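This is what each chain is made of:
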Amino acid sequence: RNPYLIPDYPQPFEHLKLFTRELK
Amino acid sequence: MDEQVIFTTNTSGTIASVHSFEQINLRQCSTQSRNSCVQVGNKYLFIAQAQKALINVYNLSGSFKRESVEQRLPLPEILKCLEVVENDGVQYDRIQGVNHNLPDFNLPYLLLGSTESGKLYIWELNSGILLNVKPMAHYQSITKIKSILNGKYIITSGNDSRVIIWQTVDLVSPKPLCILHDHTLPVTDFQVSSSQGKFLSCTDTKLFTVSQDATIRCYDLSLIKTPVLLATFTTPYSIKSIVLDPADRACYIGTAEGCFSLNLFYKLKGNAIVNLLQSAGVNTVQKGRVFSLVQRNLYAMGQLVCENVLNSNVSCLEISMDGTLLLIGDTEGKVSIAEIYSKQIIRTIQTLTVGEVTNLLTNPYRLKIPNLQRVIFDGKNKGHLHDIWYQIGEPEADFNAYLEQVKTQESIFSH
Amino acid sequence: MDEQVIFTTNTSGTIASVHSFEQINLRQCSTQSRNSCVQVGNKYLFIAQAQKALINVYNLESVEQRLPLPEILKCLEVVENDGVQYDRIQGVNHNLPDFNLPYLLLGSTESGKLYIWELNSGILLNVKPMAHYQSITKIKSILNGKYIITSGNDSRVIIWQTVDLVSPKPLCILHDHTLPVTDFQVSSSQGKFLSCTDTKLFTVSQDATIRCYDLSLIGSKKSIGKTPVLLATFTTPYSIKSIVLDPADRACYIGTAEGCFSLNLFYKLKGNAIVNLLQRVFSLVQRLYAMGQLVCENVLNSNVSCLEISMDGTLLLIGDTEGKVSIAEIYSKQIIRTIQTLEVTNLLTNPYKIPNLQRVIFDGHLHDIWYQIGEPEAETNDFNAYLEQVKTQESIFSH
Amino acid sequence: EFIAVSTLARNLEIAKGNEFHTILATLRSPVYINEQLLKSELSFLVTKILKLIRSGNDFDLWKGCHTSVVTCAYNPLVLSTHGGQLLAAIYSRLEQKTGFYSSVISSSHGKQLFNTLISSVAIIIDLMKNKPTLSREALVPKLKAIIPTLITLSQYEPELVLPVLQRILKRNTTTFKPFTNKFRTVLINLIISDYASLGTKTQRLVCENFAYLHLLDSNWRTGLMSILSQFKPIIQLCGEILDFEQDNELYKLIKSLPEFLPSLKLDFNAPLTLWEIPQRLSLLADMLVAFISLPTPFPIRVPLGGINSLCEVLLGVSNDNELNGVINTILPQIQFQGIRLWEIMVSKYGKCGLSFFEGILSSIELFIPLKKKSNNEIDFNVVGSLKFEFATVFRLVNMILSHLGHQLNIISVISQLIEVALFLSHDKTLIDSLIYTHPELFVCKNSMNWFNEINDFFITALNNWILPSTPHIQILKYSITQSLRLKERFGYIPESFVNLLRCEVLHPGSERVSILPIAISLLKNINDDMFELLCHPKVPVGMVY
Amino acid sequence: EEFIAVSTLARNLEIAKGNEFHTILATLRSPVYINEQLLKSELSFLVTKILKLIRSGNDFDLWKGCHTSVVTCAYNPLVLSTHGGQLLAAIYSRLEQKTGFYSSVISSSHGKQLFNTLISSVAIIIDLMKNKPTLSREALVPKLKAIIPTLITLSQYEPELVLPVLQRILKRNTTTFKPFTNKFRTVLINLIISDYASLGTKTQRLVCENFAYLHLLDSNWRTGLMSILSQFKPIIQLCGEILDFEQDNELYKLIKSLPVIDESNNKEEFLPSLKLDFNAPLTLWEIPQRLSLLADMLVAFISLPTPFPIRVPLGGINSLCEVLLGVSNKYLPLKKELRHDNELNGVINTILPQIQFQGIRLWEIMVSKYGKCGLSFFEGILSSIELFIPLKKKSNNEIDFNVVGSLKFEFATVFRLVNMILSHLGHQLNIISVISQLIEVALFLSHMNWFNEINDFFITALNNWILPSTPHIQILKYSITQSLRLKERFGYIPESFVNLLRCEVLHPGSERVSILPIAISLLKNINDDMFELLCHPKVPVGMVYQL
């Protein structure tokens, strides 16, 4: 609800794909 | 990109990234100390051995990292603690922006190191020169040292229950600024806010202090004066260690019989949310509230609800750059990577080759040294040449500008 | 400070200063309004004349020009032009030209006929024939040109978005009063780009009710705009006529019959505590908080027509019903200076040829404007640059 | 105490660099304005300077004019006593040295000589304008003879003379009158030339001086509308190849528009001769810019709807073998002369023309090159050529949003521009169509001075729009990856990226979670005070009393 | 296919003017002429046509050919990797033909830009080929053995153009430069022993940098550095013939303690000594000119990158800069051997502060580079800046502001130096008397990077210590008045005054009458984002405060 607080869902920042490695 | 974990047990030296499942066991490492390791200048890692009176030096820059000891550094005395004062504000060339790349040889200014019996050794690292030795600062020990702003202030904590704030210019050229006796038993750890400014007159910098008194003391640092605490908490268990969120949104405390969490923006039962830590600059009252912690199994009684995460007998904690994962070191010599919200372990790192996790560190990353002088002190000489080893680093080195040059050039010819 | 002060009665108007005893009366003036005058630029001063259907325009003496109009109009406002004294291409500052004017002229009359003119070339740009169904008491530009607020005796505040007013369909409408709205003010700060995400609107009517609104949902695009939430409201004893603020906003000064009263927004409770009331309903009294009430203090006893704060947050300017204005001081509640001429319709202060208008709307077609750019400051320094310039030329000479 | 100015004068007839610069440096001091050296010692210095200028080896002249400039600038008495005589000597040497030009420029020091003489005359007559009593009787009997020499010299050296005549024409509009035709001739001879051997500065100066030529209320309007009317023949000449009336709302506007230049010829068997069309439109745009963006001593009628319609029809011009290849390059350059005109109509007039700020943003979508086949896809290979133009586009958008501000409704041009800007932020390679065992060395790496422009554009986008998901997540990934890369390469993060992360934290828009704690993890040893306020907020600003 | 028929461009290069030649250049930039199979039929026609432009012409075909050669080498790897050697050899052949006769092409009044275009094109073709390894080995370097001495002799007359090219060649192709170094060294020494004031700062910088980079062939850097550092003690001792150093006998002992080394260097001691007769009062400027000449070479030896570390003696440099600031008339009186003369004493009073300003310049470059590695005496270099501040002839801290106006350029560096120092130190220092004088200096001088530096200085002062009331309200009135001036005269206020106002507002100095209403009303409409957070946080905060 507030962007600047710890959210209430487990894996935030999974939709930025920082730590994923794409397979080629 | 990914994060990189550098943790070491009493007989093991593992290094491993969080999302790689690949790791490198450093061959020779021995520690019985809480915070004895440090990463130096993005090219080196220093570890203070125990019962050998020397520091091991590992080179961690390679694509295939050096498993072995790159170098040794003997010392006058076996010493427990370490800290580095990183040099900053030299690569921009503020006079005119050229944005210098890093040199292949880079080093910090100082190497803080402290031993048993409270003695403090500080060394210039570009040239090994023991600028100053304080014979006694704490009167039983030191357990942690940290430079909170870039090189401006350093904070020390020992087993005399006194946490001391120095000033680096008044320590290297001693009479510290302020001393903190609010605990009664040995202070085992502290942490400071990752978000910081350039000064202390216009920031409210939070210092969390943790001991075997089963208390957590949050001090507001803004001087120009002495710091004022604004809250202290209390625990049934003997608390051991602590880390924060990267924005001072929560606290995560490591202790015997589990690791516990605590929200600092505490949410009440009216959809009302209370900030425990509110403060200002130097104008601030001294009425530090008291609260008590109790596990999960509304706060005007003097109680707060901490949420149990784990049951492991943790020794040390660290946090990821996201602020969503905890890396906790148990007493069986293995690290658990856990998620804060679901309280579900995602990964378990062990060492391969045993004691507990002595220390651990994390920082994100993308895909010879002088000898130290044993008892020698650079005095008030002026004819002495304070020689150091240094390297500067190259600067970073369109078409419409070329055509404009051409257009200006063409006028000079009459042909 | 040493700001100049302006005021106009229904019989006359004048301009003076706070720390001087020098005064300049104006020859021809006849007015009935709360807000019928405004300075355009630093040069000119517009006043809407009563019973003649035209503007009088003065320099900062005597009537310079006279602007005929289609109708007798009640309220005036102007949207200043900015971002022109500095070129983001060349990096040069520019002086103000000898002919400078604002973009717009917002005029209003009874029955809500909102006229929108362009002043560079006099052009009837837009007309809203019914916007309030009643008269218009005050119209204002909250921000630079972003939004236009207007209140009327229909007990409604309308928030027009300016860019889609000139090429209709307003953005937010506020009906939370039971009686004519007399005054309103705004407290704002601005980011790198100007918008409303912290701005606060104070609204004041004959209901003896002060109403404070937060405007931070207005850009959300749910009228057009998502409605705001009122964060605070107060209930006064008397029928209230004007409100002014502190510029740090710390205090609300309310002008009514029987003197001008003062509320502290940072309310000081017992001990050492302060509470901010503008992060609820309250009931005011004259001269601790959980009862549901707040304590005001009184500065005057005279009937009030208009108010204005000084720039230095310490002097009120209260224009009474007897054709004179009192210069007060807050800490003492004492008078320094009383200005008279030889009630008050309007009052304002600031520190130190025109086209005739049209009567038919503008519908490619050469939408012209009169304009003047103004010189740089280099046509109204370092030696070492000249020294390098003459140094490097020495190498070109050799015999 | 006092440095004995006679000593400076006697050591001046021979002085090389490390003595002459000290002579000039010490003559700045204000203690040479003082009683009873004002008629016997300054006279000595001035007679020395005059003997240096009156006859010399062309080193004493350079030295002398520089000396007189410094002396008259830092001493008003030398001005008020002897400025006319100094300026007369300097003009006399200028006159003899421009009576011939092809025997004085023969040694690589005649150019500098004219530079110093012209600059010195300009500096003297730029300091004698703050004194009405002195602008009389030292300049006005001399400008009649100064100005024709400068005009004759401007035929060969327009880069150096034209600002002087511009300032003189501007401040004196009544002594430049009887020479005005003689000026105009040379300016049409400099525009009838190729007009690309001249620099942008020189082109702008000839346009500005031709504009100020018409100061002599109404003549400015006639010249302005003449240049505005010379646009439509060129567009109709371009309409015989693009086949208008495929879209008729454009052709209704083209015929809704309203003289010394040659009517040009085009040949299709020589397609390079089609480069005359942009090179005329740029000329007329520069002249229009001159008539519009310049100051005046009076106000002016400027048509804004006319030029907005002109810009609107310019960006409508878009979509045997090599001819089609050449037609695929002139048209972006044609559109860019609409971009270049709106950029000047916006900043200089500001909120005048607020009515047009929404059509421009929709019409910028026409400038983007699309793929040819049917699609709405972006043609990145054409975009690689157009880098400067898209930087100009970004500055135009930032100019507009300073006045408009935050916008409720979103438009599609901004997402395509963000895709463009993210393509341009990638390190270019020009071996992709195909090695010699190393294809990573043939790259053109993007400077920080370009990343600053891109990041300012993304700041403008994140401030004033609630963007869609994917054009936000791309921005966040870009900022994080590049910031970490630079913090590894360097030891710090440049300021534009910090401003980008600040805007990403403050203005998340449609997101449900901020990027705050990651920005602080990156800003570990580079501290900053924005996020201190965010995490550790402060007491309000008036509670203290 | 939408190709532009490259053979038609090559057909038009030979005869072209600007309005078409620039479009010809812009078309060759297209990344579509990089197909392999085009390399035999039409790119060869382009290359041989350009070679016809180079190999013969009227000195306009050469310009056209070198420019288009650069453009078609930068944007075609095929053309580069095939014919870059040929193009480079052609333009170097013309440059060798031209450098033989410098005097006769300079009397044509186009030769200077001709050499500029030639040298720039050669430099670009060099720096394109240097980091490609196969195209370097036996395709760049056997031409370098011919290219170095041709550029050496041309540096004598046109040094601004060449020396960066030689600097890059020396830094990259160092071993190939080994035979020419002495041949280069005797060119640089003649430019230095010559007037050295006909050169601007850029060419002086390049000269010092190249003279440093000769010493690359761990240790020779140190020998050259210490050799330059040894040539200050004679000059400072020659300043003792003007004013006595025997008074304090603390500056004297430090002058004795400076490095000198003898009979171990004759290859970098090449400079004459100074006569300095006090009957010519305009001949004393040789001293600070010599000191600038030494300091430029010194900071070149310090402040340049290398592929190795440096044993740089910071302690000696701090001792030297402390010595240079000791030179003054406020504590040390004039010698009695010299007799009083008003012109002589005048030039003495004006020439001493330049001698101090050189030490300040060296400290600036010592703290810009090497920040927080000489921290052990940063307090001392703050103490000695007070010696720079001029006083009247009564030592009761009466400042003479008439001379301070002559030192605005020099005081800008002082304020920048102080800002750079205080950004490394804490808030407990013993320098408040120096700050109180510097504030008075700045407030005199103000009434344009000057504003930025002094405003950052005021921000550092107001964020470090609680100042007394009178300087504080002076600063407040300064910021308020200047911001009002710019916003009544122009539309905006810059960022520096904005941050100054914010620092003023958040300071515990709160009892002033203009801080509360005026410093905030200007910020409420300025469009700054940092001030928005103070008025509207983005995080929960209590409605009630205990303060």
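For the structure, see preceding data.
One structure accompanies this document, and this report is about it. (Residues numbered from 1 in each chain as written, not as in the entry; some residues may be left out. Chains lettered and ligands numbered in written order. Part of a larger assembly, values for the part shown. Heavy atoms only, no water. Residues with missing side-chain atoms left out of burial classes, pairs and counts.)

Some points on the sheet that holds strand β32 (residues 345-350) of chain B
Residues and elements named next belong to chain B. The antiparallel open sheet is built from four strands, whose spatial order is β29-β30-β31-β32. Strands with a single pairing partner mark the edges of an open sheet, and in this sheet they are β29 (314-319) and β32. On average, each strand axis in the sheet is tilted by 20 degrees relative to the strand beside it, whichever way the strands run. Alignment of strand β30 (residues 325-330) against strand β31 (residues 334-339), held across five bridges, turns out to be antiparallel. Across the sheet, the residue bridging to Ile 328 is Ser 336, located in β31. (Pairing = 2+ DSSP bridges. Helix = DSSP H or I, 4+ residues; strand = E, 2+ residues; numbered from the N terminus. Axes fitted to C-alpha atoms, helices over the stretch in contact; angles between N-to-C directions.)

Things to note about the environment of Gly542(D)
For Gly542(D), the position within the fold is in the segment after α26 (530-535). Residue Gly542(D) is classed as buried on the basis of its relative accessible area of 0%. In sequence terms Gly542(D) and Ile480(D) are 62 residues apart; their C-alpha atoms lie 38 Å from each other. With residues up to four places along the chain from it excluded, the contact list for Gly542(D) reads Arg250(C) and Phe266(C). (Buried < 20%, exposed > 50% of the residue type's maximum accessible area, 1.4 Å probe, protein only. Contact = heavy atoms within 4.5 Å.)

Some remarks on the interface of chain E and chain B
Across the boundary between the two partners, chain E contributes 75 residues, which contact 63 residues of chain B. Both faces considered, chain E and chain B share a buried interface measuring about 6100 Å² in area, 62% of it formed by carbon and sulfur atoms. Counting across the interface, chain E meets chain B through four salt bridges. Residue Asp93(B) is joined to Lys369(E) by a salt bridge in which the shortest nitrogen-to-oxygen separation is 3.5 Å. The tally of links between chain E and chain B comes to 20 residue pairs in polar contact. With five residues, helix α17 (residues 314-326) of chain E is the largest single contributor of residues to the side of chain E that touches chain B. Of the residues assigned to the side of chain E that touches chain B, the class counts are 35 nonpolar, 28 polar and 12 charged. Bridging between strand β34 (residues 387-390) of chain B and strand β1 (residues 310-313) of chain E involves four bridges; their strand directions are antiparallel. Note that in β1(E) the partner of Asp387(B) across the bridge is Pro313(E). (Buried area = accessible area lost by both parts, 1.4 Å probe. Salt bridge = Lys/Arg side-chain N within 4 Å of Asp/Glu carboxyl O. Polar contact = N/O pair within 3.5 Å; in protein donor to acceptor, adjacent residues only side chain to side chain. Nonpolar A, V, L, I, M, F, W, Y, C, P; charged D, E, K, R; others polar.)

A look at a positive patch on the surface
A grouping of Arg366(B), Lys445(D), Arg485(D) and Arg489(D) is seen on the molecular surface, where their side chains present a positively charged patch. Here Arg489(D) is to be found in helix α23 (residues 470-489). Since its relative accessible area comes to 34%, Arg489(D) is described here as partly exposed. (Patch = residues over 30% accessible without salt bridge, like charges linked within 9 Å, V, L, I, M, F, W, Y side chains within 5 Å. Areas by Shrake-Rupley, 256 points an atom, 1.4 Å probe, with all protein chains shown as cover. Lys, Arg positive; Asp, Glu negative; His and termini not counted. Charge placed at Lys NZ, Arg CZ, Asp CG, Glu CD.)

So, the pairing of strand β2 (residues 13-17) of chain B
Residues and elements named next belong to chain B. Of all five residues making up β2, five are buried, and the element is well covered by its neighbours. Going residue by residue along β2, you find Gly 13, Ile 15 and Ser 17 tucked away on one face and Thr 14 and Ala 16 tucked away on the opposite face as well. Across three bridges, the pairing between strand β1 (residues 2-9) and β2 is antiparallel. The residue bridging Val 5 from the neighbouring strand is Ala 16, located in β2.

Notes on the arrangement of the chains
Ranking the nine pairs of chains in contact by number of contacts places chains B and E first. Where chain A comes nearest to chain C, the C-alpha atoms are still 14 Å apart, and the two do not contact one another.

Details of the packing of helix α11 (residues 181-193) of chain E against helix α12 (residues 201-213) of chain E
Residue and element names in this part refer to chain E. Direction vectors running N to C along α11 and α12 enclose 145 degrees, while the axes themselves pass 11 Å from each other. Two packed elements cross with a definite hand, and for α11 against α12 that hand is left-handed. Across from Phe 184, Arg 185, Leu 188 and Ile 192 in α11, the residues of α12 making contact are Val 207, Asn 210 and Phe 211. Split into classes, the residues belonging to the contact of α11 with α12 amount to five nonpolar, one polar and one charged. (Left-handed = near helix turned anticlockwise from the far one by under 90°.)

A short note on the pattern of salt bridges
One side chain can pair with another of opposite charge once the charged atoms of both are near each other. Residue and element names in this part refer to chain D. Taken as a whole and judged by the stated rule, the model has 39 salt bridges over all chains. Close ionic contact of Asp 286 with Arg 340 constitutes a salt bridge, the shortest N to O distance being 2.5 Å. One salt-bridge network, in which partners are shared between bridges, spans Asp 126, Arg 167 and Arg 171.

Concerning the packing of aromatic side chains
A full pass over the atoms with the stated rule returns 60 aromatic pairs over all chains. Relative to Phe60(E), the ring of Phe413(B) has its centre 5.8 Å away and its plane inclined at 80 degrees; by these criteria the two rings are edge-to-face. One end of the pair, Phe413(B), is in the segment after α2 (399-410); the other, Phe60(E), is in the loop between α3 (43-55) and α4 (61-74), on a second chain. There is no split in this pair, since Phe413(B) and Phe60(E) are both buried. Ring geometry for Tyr86(C) against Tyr492(E): centres 4.7 Å apart, planes inclined by 35 degrees, an arrangement best described as tilted. On the criterion of chain membership, the pair formed by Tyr86(C) in the loop between β8 (75-79) and β9 (104-108) and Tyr492(E) in the loop between α24 (469-489) and α25 (495-506) is interchain, its members lying in two chains. (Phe/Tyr/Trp six-rings, centres within 6.5 Å; stacked < 30°, edge-to-face > 60°.)

Examining the side chain of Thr8(B)
Residues and elements named next belong to chain B. If you trace the backbone, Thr 8 turns up in strand β1. Owing to a relative accessible area of 3%, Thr 8 belongs among the buried residues under this scheme. Each residue touching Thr 8, except ones within four places of it in the same chain, is listed here: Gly 13, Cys 29, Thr 31, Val 357, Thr 358 and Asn 359.

Observations concerning the sheet that holds strand β33 (residues 357-365) of chain B
Residue and element names in this part refer to chain B. On the basis of which strands lie adjacent, the open sheet formed by four strands has the order β3-β2-β1-β33 and antiparallel pairing. The sheet is open, and its two borders are formed by β3 (23-26) and β33, each paired with just one other strand. With strand direction ignored, the average angle separating the axes of adjacent strands in the sheet is 15 degrees.

With respect to the side chain of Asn350(C)
Positionally, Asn350(C) belongs in strand β32 (residues 344-350). In this structure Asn350(C) comes out as buried when scored by relative accessible area, which is 17%.

As for the packing of helix α22 (residues 448-463) of chain D against helix α24 (residues 495-506) of chain D
All names here are of chain D. Where α22 contacts α24, the two axes come as close as 9 Å, and the packing angle between them is 15 degrees. As the angle between them shows, α22 and α24 are arranged roughly parallel. α24 is crossed by α22, and the crossing has left-handed handedness. When α22 is examined against α24, the residues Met 448, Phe 451, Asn 452, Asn 455, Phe 458, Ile 459, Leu 462 and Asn 463 are found in contact with a partner set consisting of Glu 495, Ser 496, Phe 497, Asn 499, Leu 500, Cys 503 and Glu 504. Taken together, the residues of the contact of α22 with α24 sort by class into eight nonpolar, five polar and two charged. (Parallel < 35°, antiparallel > 145°, perpendicular 65-115°, else oblique.)

A word on the pairing of strand β8 (residues 81-85) of chain B
Burial runs high along β8(B): five of the five residues are buried. Here β8(B) shows two buried faces, one formed by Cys81(B), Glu83(B) and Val85(B) and the other by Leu82(B) and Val84(B).

Notes on the state of the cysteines
Within this structure, the stated rule accounts for zero disulfides over all chains. Distance from the sulfur of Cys251(B), which forms no disulfide, to the nearest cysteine sulfur (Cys218(B)) is 7.3 Å. A relative accessible area of 2% means that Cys251(B) is categorised as buried. Of all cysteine sulfurs in the structure, the one in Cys196(C) sits closest to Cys503(D), which takes part in no disulfide; the separation is 16 Å. (Disulfide = S-S within 2.5 Å.)

Brief notes about helix α17 (residues 322-347) of chain D
A rise of 1.5 Å per residue sets the reference length of α17(D), with its 26 residues, at 38 Å; its end C-alpha atoms lie 39 Å apart and thus fit the reference within 8%. Of all 26 residues in α17(D), 20 are buried, a share of seventy percent or more. (Expected span 1.5 Å × (residues − 1).)

Describing the interface of chain B and chain D
On the side of chain D, 37 residues touch chain B, which itself brings 40 residues to the contact. Summing both partners gives a buried area of about 3400 Å² for chain B against chain D, and 52% of it is carried by carbon and sulfur. When the buried area of chain B at its contact with chain D is split by residue, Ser195(B), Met321(B) and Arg366(B) rank highest and sum to 17% of it. The tally of links between chain B and chain D comes to zero salt bridges. Across the contact surface, chain B and chain D share 14 residue pairs in polar contact. When residues of the side of chain B that touches chain D are traced back to their parent elements, those giving at least two are β17 (205-211), β33 and α2 of chain B. With four residues, α2(B) is the largest single contributor of residues to the side of chain B that touches chain D.

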